[PDB]
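Novice:
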Amino acid sequence: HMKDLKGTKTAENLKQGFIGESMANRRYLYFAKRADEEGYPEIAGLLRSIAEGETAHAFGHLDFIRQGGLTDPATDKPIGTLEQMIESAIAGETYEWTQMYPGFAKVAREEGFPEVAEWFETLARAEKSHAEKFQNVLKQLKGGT
Amino acid sequence: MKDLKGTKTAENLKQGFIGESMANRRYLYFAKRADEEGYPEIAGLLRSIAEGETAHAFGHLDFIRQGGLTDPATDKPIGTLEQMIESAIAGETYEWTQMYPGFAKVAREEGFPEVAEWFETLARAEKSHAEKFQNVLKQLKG
Ligand SMILES: [Cl-]
Ligand SMILES: [Cl-]
Ligand SMILES: [Mn+2]
Ligand SMILES: [Mn+2]
Ligand SMILES: [Mn+2]
Ligand SMILES: [Mn+2]
């Protein structure tokens with residue numbers, strides 16, 4: 000019979016699958032740039048085509064998560080409706096600019112890595128801008144205009 | 001070029017890479033819902049912010065590689081193109097030999113046969129990926 004995914008090992012395996020598939024697409028597109036520079040177009044093309052595979056895998060994991068009423072792997076927020084999706088976006092961006100990247104920057108400065116700290120501070124300011132743009136979308140959706 | 005091995009900053013770059021990787025995937029997935037419902041401005045914003053998260057993820061990988069750290073996904077070096085392909089092979093190999101078969105068996109045990117069939121499809125897919133990368137690596141070393 001049909002069962003709730005909530006609290007199951009399968010729910011956790013969909014989450015972990017999503018994380019790994021997300022990383023695989025980013026990794027393969029980064030590796031493709033090195034193949035591009037070095038003159039390996041067949042290798043770059045394969046990396047890019049396999050990366051599209053990993054997009055399909057990630058999106059299918061999110062399909063089962065959303066259809067199963069499970070939460071966003073990144074934020075533990077529901078992602079059933081577009082409004083919920085934007086609220087998930089806002090929650091993650093808010094965590095990143097208010098807590099995560101400032102904390103990473105402080106640790107980098109304290110460990111003697113000022114260039115890395117500056118990068119984390121650039122990202123904190125970027126995620127704040129993202130949060131603001133998503134907040135404006137949510138106003139448009141929630142207000143129905 | 002400063003060595004990051006054994007630091008909390010090394011761990012933070014890894015976690016930042018994971019988060020940025022997920023953000024790009026999430027925002028492109030959300031854009032498809034905006035597409036279906038007729039919100040092209042919202043879809044376009046999601047796609048443009050997703051490009052931001054690509055830039056963030058790649059910059060984390062630059063610091064990882066320049067700081068003597070390993071690939072977040074595989075714990076393998078990714079300095080050279082050959083090392084990058086060997087990292088791809090290692091992660092594909094883990095997924096087809098172990099990770100997705102294991103997920104499929106658990107899904108069938110827990111009574112999720114449709115999810116199990118999906119995991120079985122993915123195990124076969126990652127095996128094909130591993131083989132295609134192996135054919136590349138042989139060409140590079142040759
Ligand atoms: Cl080539
Ligand atoms: Cl719109
Ligand atoms: Mn995959
Ligand atoms: Mn962001
Ligand atoms: Mn980001
Ligand atoms: Mn793969």
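Going line by line, the protein sequences match chains A and B. Position 118 (the first sequence) corresponds to 117 in the entry's author numbering; numbering is contiguous. Position 54 (the second sequence) corresponds to 54 in the entry's author numbering; numbering is contiguous. Even for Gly, the Cβ is constructed at its ideal location relative to N, Cα and C.
Let me confirm a value: residue 33 (chain A) is counted as buried when at least 16 other C-beta atoms fall within 10 Å, else exposed. Which label applies?
Specialist: To locate residue 33 (chain A), count along the first sequence from 1; it is residue 34. The residue in question, residue 33 (chain A), is buried, as its Cβ has 16 or more Cβ neighbours within 10 Å.
Novice: Do residue 13 (chain B) and residue 60 (chain B) come within 8 Å of each other at the CB atom, strictly closer than that value?
Specialist: Within the second sequence, residue 60 (chain B) is the residue found at index 60, counting from 1. Within the second sequence, residue 13 (chain B) is the residue found at index 13, counting from 1. Contact: yes.
Novice: Could you say which of B:133, B:121, B:28 and B:73 lies nearest to residue 16 (chain B) if we only look at CA atoms?
Specialist: Along the second sequence, one-based indexing puts residue 16 (chain B) at 16. Residue 16 (chain B) has its Cα closest to that of B:73, out of B:133, B:121, B:28 and B:73.
Novice: Using a Cβ distance threshold of 8 Å, determine whether the region 90 to 97 of chain B contacts the region 106 to 115 of chain B, with at least three qualifying pairs required.
Specialist: No contact exists between the region 90 to 97 of chain B and the region 106 to 115 of chain B.
Novice: At the level of alpha carbons, what is the spacing between residue 78 (chain B) and residue 70 (chain B)?
Specialist: By 1-based counting over the second sequence, the position of residue 78 (chain B) is 78. By 1-based counting over the second sequence, the position of residue 70 (chain B) is 70. Going from the Cα of residue 78 (chain B) to the Cα of residue 70 (chain B) covers about 6 Å.
Novice: Let me confirm a value: residue 26 (chain B) is counted as buried when at least 16 other C-beta atoms fall within 10 Å, else exposed. Which label applies?
Specialist: Sequence index remark: in the second sequence, residue 26 (chain B) carries index 26 (1-based). Buried is the call here.
Novice: Going along chain A in order, which residues have a C-beta closer than 9 Å to the C-beta of residue 42 (chain B)?
Specialist: Position 42 of the second sequence, counted from the start, is the residue given in the question as residue 42 (chain B). Residues of chain A passing the Cβ test: 81, 85, 136, 139 and 140.
Novice: Got a sec: is the Cβ-Cβ distance from residue 89 (chain B) to anything in chain A below 8 Å?
Specialist: Taking the first residue of the second sequence as position 1, residue 89 (chain B) is located at position 89. With 8 Å as the cut-off, residue 89 (chain B) does not count as an interface residue toward chain A.
Novice: Hey, how far is the Cα of residue 131 (chain A) from the Cα of residue 142 (chain B)?
Specialist: Position 132 of the first sequence holds residue 131 (chain A). Position 142 of the second sequence holds residue 142 (chain B). Distance between the alpha carbons of residue 131 (chain A) and residue 142 (chain B) is about 52 Å.
Novice: Would DSSP call residue 39 (chain A) helix, strand or coil?
Specialist: On the first sequence, residue 39 (chain A) is found 40 positions in, with the first residue counted as 1. Coil.
Novice: Residue 18 (chain B) versus chain A: which residues are under 7 Å apart at the beta carbon?
Specialist: Translated into positions along the second sequence, residue 18 (chain B) becomes position 18. Ordered by position in chain A, the residues that pass the 7 Å Cβ test against residue 18 (chain B) are 18 and 22.
Novice: Indicate whether at least one CB of chain B lies closer than 8 Å to the CB of residue 143 (chain A).
Specialist: In the first sequence, residue 143 (chain A) corresponds to position 144, counting from 1. By this cut-off, residue 143 (chain A) is not an interface position.
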